[PDB]
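Peer 1: The number in the deposited numbering is simply the position in the sequence shown, starting from 1, with 31 added.
Think of the CB as a built atom: it goes at the ideal place given N, C-alpha and C, for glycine as much as any other residue.
Following this message is one structure expressed as C-alpha coordinates.
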Amino acid sequence: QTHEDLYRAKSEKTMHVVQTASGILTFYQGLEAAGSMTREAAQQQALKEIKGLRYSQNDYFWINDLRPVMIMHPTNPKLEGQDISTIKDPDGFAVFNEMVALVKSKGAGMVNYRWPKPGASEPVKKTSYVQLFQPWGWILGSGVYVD
(Lines of atoms letter the chains of each structure in order from A; the text may use other names.)
(Lines give C-alpha, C1' and ligand atoms only; values in the text may rest on other atoms or scores of the structure.)
Protein backbone atom coordinates (compact mmCIF):
# COMPACT_ATOMS: atom_id res chain seq x y z
CA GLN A 32 0.00 0.00 0.00
CA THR A 33 1.84 3.16 -1.28
CA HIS A 34 1.51 7.02 -1.01
CA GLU A 35 0.60 6.80 -4.69
CA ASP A 36 -2.29 4.38 -3.79
CA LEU A 37 -3.72 6.75 -1.17
CA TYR A 38 -3.64 9.70 -3.65
CA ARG A 39 -4.97 7.65 -6.52
CA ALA A 40 -8.03 6.83 -4.33
CA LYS A 41 -8.87 10.40 -3.07
CA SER A 42 -8.65 11.93 -6.45
CA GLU A 43 -10.60 9.15 -8.16
CA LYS A 44 -13.64 10.71 -6.59
CA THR A 45 -12.97 14.02 -8.25
CA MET A 46 -12.28 12.38 -11.51
CA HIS A 47 -15.53 10.44 -11.39
CA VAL A 48 -17.80 13.42 -10.65
CA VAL A 49 -16.14 15.29 -13.55
CA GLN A 50 -16.62 12.29 -15.84
CA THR A 51 -20.28 12.16 -14.67
CA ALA A 52 -20.85 15.85 -15.36
CA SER A 53 -19.04 15.61 -18.75
CA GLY A 54 -21.85 13.32 -20.00
CA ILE A 55 -23.97 16.41 -20.30
CA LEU A 56 -21.37 17.79 -22.76
CA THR A 57 -21.48 14.46 -24.58
CA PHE A 58 -25.24 14.52 -24.74
CA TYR A 59 -25.43 18.07 -26.09
CA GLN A 60 -22.59 17.60 -28.60
CA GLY A 61 -24.52 14.55 -29.90
CA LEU A 62 -27.57 16.74 -30.53
CA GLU A 63 -25.31 19.23 -32.37
CA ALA A 64 -23.71 16.42 -34.44
CA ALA A 65 -27.19 15.08 -35.37
CA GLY A 66 -28.39 18.57 -36.41
CA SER A 67 -31.06 18.73 -33.73
CA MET A 68 -29.61 21.98 -32.19
CA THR A 69 -27.00 24.41 -33.30
CA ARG A 70 -23.64 24.12 -31.58
CA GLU A 71 -24.04 27.36 -29.68
CA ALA A 72 -27.51 26.52 -28.38
CA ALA A 73 -26.37 23.03 -27.36
CA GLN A 74 -23.42 24.70 -25.56
CA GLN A 75 -25.59 27.14 -23.64
CA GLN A 76 -28.04 24.45 -22.54
CA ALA A 77 -25.19 22.21 -21.35
CA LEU A 78 -23.56 25.09 -19.38
CA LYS A 79 -26.88 25.97 -17.75
CA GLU A 80 -27.32 22.44 -16.48
CA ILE A 81 -23.70 21.96 -15.39
CA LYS A 82 -23.95 25.32 -13.50
CA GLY A 83 -26.53 23.90 -11.08
CA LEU A 84 -24.72 20.62 -10.28
CA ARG A 85 -23.35 20.14 -6.78
CA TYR A 86 -21.99 17.36 -4.61
CA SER A 87 -20.73 16.97 -0.99
CA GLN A 88 -20.39 20.37 0.79
CA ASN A 89 -21.42 22.63 -2.10
CA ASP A 90 -18.63 21.39 -4.41
CA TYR A 91 -19.23 22.65 -7.93
CA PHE A 92 -18.04 22.51 -11.52
CA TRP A 93 -16.66 25.23 -13.84
CA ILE A 94 -15.79 25.34 -17.55
CA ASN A 95 -13.04 27.37 -19.24
CA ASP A 96 -11.73 26.95 -22.79
CA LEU A 97 -8.22 26.62 -24.20
CA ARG A 98 -7.69 30.32 -24.94
CA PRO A 99 -8.22 30.54 -21.90
CA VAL A 100 -11.58 32.27 -21.39
CA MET A 101 -14.02 31.42 -18.68
CA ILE A 102 -17.18 29.85 -20.17
CA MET A 103 -19.27 29.11 -17.02
CA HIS A 104 -18.44 29.57 -13.35
CA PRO A 105 -21.16 29.07 -10.78
CA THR A 106 -19.66 30.91 -7.83
CA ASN A 107 -17.53 33.53 -9.64
CA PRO A 108 -19.87 34.29 -12.54
CA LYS A 109 -18.23 37.67 -13.21
CA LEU A 110 -15.25 35.84 -14.65
CA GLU A 111 -17.48 34.62 -17.49
CA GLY A 112 -16.50 35.74 -21.02
CA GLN A 113 -13.15 37.10 -19.78
CA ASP A 114 -9.59 36.18 -20.70
CA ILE A 115 -8.26 34.45 -17.60
CA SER A 116 -4.67 33.98 -18.82
CA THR A 117 -3.34 36.53 -16.28
CA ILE A 118 -4.98 35.02 -13.20
CA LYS A 119 -2.44 33.81 -10.58
CA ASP A 120 -3.10 32.49 -7.13
CA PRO A 121 -1.18 33.92 -4.10
CA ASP A 122 1.64 31.36 -4.64
CA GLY A 123 2.12 32.72 -8.15
CA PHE A 124 0.46 29.59 -9.73
CA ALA A 125 -0.99 30.62 -13.13
CA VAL A 126 -4.23 28.61 -12.56
CA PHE A 127 -5.75 28.51 -16.08
CA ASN A 128 -2.59 28.57 -18.14
CA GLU A 129 -1.45 25.55 -16.11
CA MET A 130 -4.71 23.84 -16.71
CA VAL A 131 -4.56 24.48 -20.47
CA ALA A 132 -0.93 23.27 -20.72
CA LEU A 133 -1.85 20.15 -18.69
CA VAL A 134 -4.79 19.15 -20.85
CA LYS A 135 -2.88 19.86 -24.06
CA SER A 136 -0.20 17.45 -22.92
CA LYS A 137 -2.31 14.79 -21.29
CA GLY A 138 -6.02 15.35 -21.93
CA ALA A 139 -6.85 15.51 -18.20
CA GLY A 140 -5.29 15.43 -14.73
CA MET A 141 -4.99 16.79 -11.22
CA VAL A 142 -3.86 20.29 -10.39
CA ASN A 143 -3.52 22.05 -7.03
CA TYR A 144 -3.94 25.84 -6.51
CA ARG A 145 -5.61 28.28 -4.10
CA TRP A 146 -9.13 29.55 -4.78
CA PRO A 147 -11.82 31.13 -2.64
CA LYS A 148 -14.64 28.93 -1.31
CA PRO A 149 -18.15 29.66 -2.54
CA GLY A 150 -19.32 33.01 -1.22
CA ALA A 151 -16.03 33.76 0.54
CA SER A 152 -12.89 35.53 -0.54
CA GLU A 153 -9.85 33.97 1.16
CA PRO A 154 -7.97 31.75 -1.31
CA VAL A 155 -7.77 28.21 0.21
CA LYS A 156 -5.81 25.25 -1.04
CA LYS A 157 -7.79 23.15 -3.55
CA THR A 158 -7.07 20.03 -5.58
CA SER A 159 -9.06 19.72 -8.86
CA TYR A 160 -9.39 17.29 -11.74
CA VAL A 161 -9.73 18.96 -15.13
CA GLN A 162 -10.72 17.22 -18.33
CA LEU A 163 -10.73 18.40 -21.89
CA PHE A 164 -13.93 17.96 -23.84
CA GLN A 165 -12.27 17.84 -27.27
CA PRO A 166 -15.13 18.63 -29.64
CA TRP A 167 -15.75 22.03 -28.10
CA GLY A 168 -12.29 22.88 -26.76
CA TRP A 169 -13.71 23.08 -23.23
CA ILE A 170 -12.02 22.16 -19.96
CA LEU A 171 -14.47 20.87 -17.32
CA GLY A 172 -13.17 21.06 -13.78
CA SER A 173 -14.11 20.35 -10.19
CA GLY A 174 -12.11 20.24 -6.99
CA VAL A 175 -12.09 19.89 -3.24
CA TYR A 176 -10.79 22.33 -0.63
CA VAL A 177 -8.12 21.19 1.86
CA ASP A 178 -10.68 21.73 4.64
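Distance, Cα to Cα, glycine 66 vs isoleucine 55?
Peer 2: Taking the straight line joining both Cα atoms gives about 17 angstroms.
Peer 1: For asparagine 95, count neighbouring Cβ atoms within 10 angstroms of its own Cβ and tell me buried if that reaches 16, exposed if not.
Peer 2: Label assigned to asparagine 95: buried.
Peer 1: When you compare each of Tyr59, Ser136, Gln88 and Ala64 to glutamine 75 by their alpha carbons, which one comes out closest?
Peer 2: Taking only the C-alpha atoms, the option nearest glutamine 75 is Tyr59.
Peer 1: For the alpha helix (DSSP H) that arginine 98 lies in, which residues bound it at each end?
Peer 2: That residue, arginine 98, is in no alpha helix (DSSP H); it is neither H nor E in DSSP.
Peer 1: What does the alpha-carbon distance come out to for the pair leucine 171 and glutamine 32?
Peer 2: So the alpha carbons of these two residues sit roughly 31 angstroms apart.
Peer 1: Smallest Cα separation from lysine 82: which of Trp146, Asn128, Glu153 and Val49?
Peer 2: The candidate whose alpha carbon is nearest that of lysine 82 is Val49.
Peer 1: How do the stretch 35-50 and the stretch 142-153 stand: do at least 3 beta-carbon pairs fall below 8 angstroms, yes or no?
Peer 2: In short, these stretches do not touch, since the Cβ pair count stays below three.
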